[PDB]
Every structure is written in structure tokens, then in C-alpha cells.
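Scroll down for the structure; my scribbles are underneath it.
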Amino acid sequence: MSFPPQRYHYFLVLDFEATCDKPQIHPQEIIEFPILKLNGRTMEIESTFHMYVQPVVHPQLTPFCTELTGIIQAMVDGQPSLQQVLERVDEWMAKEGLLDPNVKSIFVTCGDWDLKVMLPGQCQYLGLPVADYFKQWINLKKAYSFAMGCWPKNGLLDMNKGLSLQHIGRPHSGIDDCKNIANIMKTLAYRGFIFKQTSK
Ligand SMILES: Nc1ncnc2c1ncn2[C@@H]1O[C@H](COP(=O)(O)O)[C@@H](O)[C@H]1O
Ligand SMILES: [Mn+2]
Ligand SMILES: [Mn+2]
């Protein structure tokens with residue numbers, strides 16, 4: 001059945017961008033924090049949280065980081081740090097109605113890195129508690145492997161290839177990576193896939 005009933009009222013698509021360098025910078029710090037709120041049944045985008053984040057440990061973006069993500073220095077200067085952005089997220093969750101125990105939602109990321117490595121690692125570095133809704137998610141690569149029966153090699157690019165979808169926007173932009181995740185989800189639901197939590 002196309003677009004079957006799903007287990008969640010809403011899906012929260014997330015894809016961080018972080019400071020980086022060649023070889024990798026340490027520690028990494030989140031510099032882009034997007035969330036797309038998807039209708040649980042249709043996968044349509046109904047609301048968007050999007051904030052750039054000011055890094056503190058390594059405050060100046062490297063040339064590699066700007067080339068990779070497209071994020072320039074003026075986009076993070078004057079921004080709130082991660083602690084404040086997380087409070088903005090909580091307020092946004094509240095306004096969207098996602099803090100109701102009877103409203104079911106879950107984050108969806110491309111891989112496990114965002115919520116298994118990046119966010120809890122930086123919160124630990126900062127002595128910040130991770131909000132409980134960040135502790136369960138769906139790895140799209142894993143969901144795709146169940147839906148299509150195959151393991152994609154390179155994330156969004158290869159999942160778009162397998163589904164004959166055109167890439168949306170700019171690769172390695174957090175918000176655009178989110179739009180592609182949402183578009184892949186829409187197709188998987190069209191093909192009859194019911195999404196399930198994959199985090200452990
Ligand atoms: N090829 C790469 N080399 C170094 N760092 C990367 C690379 N790709 C991604 N990253 C880092 O991982 C973050 C998330 O990328 P992505 O998982 O592609 O959305 C980026 O913002 C960078 O900090
Ligand atoms: Mn990513
Ligand atoms: Mn990305």
C-alpha cells in the first residue's frame with residue numbers, strides 16, 4: 001500500500017554541519033543546526049528550525065570547512081553558541097506541540113554520527129545534558145537497507161541514485177541535506193515502507 005499509516009505523528013529530519021579541517025579538527029563543533037518537521041503520514045515538510053551556531057574552541061572556520069559546507073565566517077559570527085541553540089530548539093519543540101507525550105515523533109538522520117557521536121560528544125565537552133528526544137532516532141541508511149534490500153555506499157547521493165531522484169540544493173549544506181533526507185523518506189513511504197526506530 002502506498003503511503004501506509006506510520007508509527008509516528010511527525011518525523012524530525014536533522015543533519016548537522018560542524019567545524020572541520022584536513023586532517024580533522026579537534027574537537028569538532030556544530031555550526032549548523034537544522035530540523036525539518038515532516039507530517040508523519042505524507043512526509044511533507046510542515047515546519048523548519050534552522051540556526052547557525054557560533055563555535056567557541058576553534059572560533060575561526062578553516063578554508064576547508066568553508067569550501068566543504070559553504071558556510072562563511074559571517075554566518076557564524078554573532079550567533080548563539082550551542083547551549084543557547086539547544087534552548088531555542090526546546091522552545092521550538094514546545095511551540096510545534098512535540099513536547100506532548102501523546103504526540104509521537106523521532107529524529108531521522110543520514111547515519112548515526114549526528115546523535116550518536118556529534119551532539120552527545122560536544123554536550124559532554126560542555127557539561128550540558130542531552131535532551132531526551134535526541135536519544136532515539138532513525139538511521140536513514142539502515143531504513144533504506146530494509147526498504148530496498150541493499151546497503152547504499154555513499155549516503156544521500158547513492159540513495160538518490162537508487163531511487164532515481166534528483167539532488168535537492170547544495171551537497172554538504174545542513175538544510176539541503178535535510179531536504180534530500182525528507183525527499184528520500186517520501187519515496188520510501190510511497191513504495192510502502194513503514195519507518196522504525198533504529199538507534200539502540
Ligand atoms: N570529506 C570530509 N572531510 C572532512 N570532514 C568532513 C567530510 N565530510 C563531512 N565532514 C564533517 O562532517 C560534518 C557532517 O557532514 P555530513 O555527514 O556529510 O552532513 C561536516 O560538516 C564536516 O564537519
Ligand atoms: Mn550528515
Ligand atoms: Mn550534511
Side-chain angles (χ1 to χ4, degrees), residues 11-38 45 48-77 79-82 85-86 89 106-126 130 134-145 151-163 165-186 188 195 197-199:
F11 295 98
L12 307 179
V13 174
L14 178 148
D15 187 73
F16 297 131
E17 303 300 326
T19 58
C20 51
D21 201 1
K22 228 79 172 120
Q24 193 51 280
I25 207 179
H26 181 74
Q28 295 188 268
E29 291 175 282
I30 293 164
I31 59 177
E32 183 179 2
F33 204 137
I35 310 176
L36 300 184
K37 184 197 182 186
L38 304 192
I45 302 169
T48 299
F49 176 93
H50 191 222
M51 290 197 71
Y52 293 103
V53 191
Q54 187 182 327
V56 177
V57 177
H58 300 297
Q60 299 301 121
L61 309 179
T62 64
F64 175 86
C65 172
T66 291
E67 261 305 314
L68 182 72
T69 65
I71 302 165
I72 62 175
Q73 189 67 39
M75 290 161 64
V76 302
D77 282 348
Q79 290 297 108
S81 60
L82 182 65
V85 172
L86 284 169
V89 164
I106 187 170
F107 282 89
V108 182
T109 62
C110 187
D112 290 328
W113 178 79
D114 301 71
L115 301 180
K116 186 180 187 183
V117 174
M118 181 66 249
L119 180 63
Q122 184 170 4
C123 286
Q124 180 180 5
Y125 187 103
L126 297 171
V130 170
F134 286 129
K135 296 183 183 168
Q136 310 81 30
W137 63 88
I138 300 183
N139 178 350
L140 185 65
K141 294 194 273 194
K142 202 175 177 182
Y144 183 99
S145 72
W151 283 110
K153 186 168 182 197
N154 187 22
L156 297 178
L157 303 171
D158 280 332
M159 288 188 279
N160 279 341
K161 180 182 187 175
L163 297 173
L165 298 170
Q166 296 178 8
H167 195 97
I168 298 172
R170 181 191 189 284
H172 309 282
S173 163
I175 182 70
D176 284 356
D177 284 349
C178 288
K179 291 179 176 185
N180 285 279
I181 292 173
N183 194 36
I184 290 157
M185 285 186 68
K186 183 190 295 180
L188 293 185
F195 287 88
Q197 170 184 329
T198 67
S199 54

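Sequential numbering from 1 along the given sequence is applied to the chain's residues. Computed over heavy atoms, backbone and side chain alike; hydrogens, waters and symmetry mates excluded. All ligand and atom numbering here is 1-based and tracks the order in the structure.
- Between the side chains of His58 and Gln28, not a single donor N or O lies within less than 3.5 Å of an accepting N or O.
- Not one N/O/S atom of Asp176, from backbone or side chain, sits under 2.8 Å from the Mn ion (ligand 3).
- Remark: distances from the non-hydrogen atoms of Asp114 to ligand 1 are all 4.0 Å or more.
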- Query: Between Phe134 and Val89, does a side chain to side chain contact (heavy atoms under 4.5 Å, CB included) hold up when you go through it step by step?
  - Reply: CA-CA 11 Å; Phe134 286 129; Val89 164; 3.9 Å; yes
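- Closest heavy-atom approach to atom 16 (P) of ligand 1 among the candidates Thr109, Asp177, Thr69: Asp177.
- Geometrically, ligand 1 and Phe64 share no nitrogen or oxygen pair separated by less than 3.5 Å.
- The option from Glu17, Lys22, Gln24 that lies nearest to atom 21 (O) of ligand 1, judged by heavy atoms, is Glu17.
- The Mn ion (ligand 3) sits nearest to atom OD2 when only the N, O or S atoms of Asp177 are considered.
- Considering only non-hydrogen protein atoms, atom 11 (C) of ligand 1 sits nearest to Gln28 NE2, 4.0 Å.
- Here the shortest heavy-atom pairing between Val53 and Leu82 reads CG1-N, 3.4 Å.
- Nearest to the Mn ion (ligand 3), among the N, O or S atoms that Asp15 has, is OD2.
- The nearest N/O/S atom of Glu17 to the Mn ion (ligand 3) is OE2.
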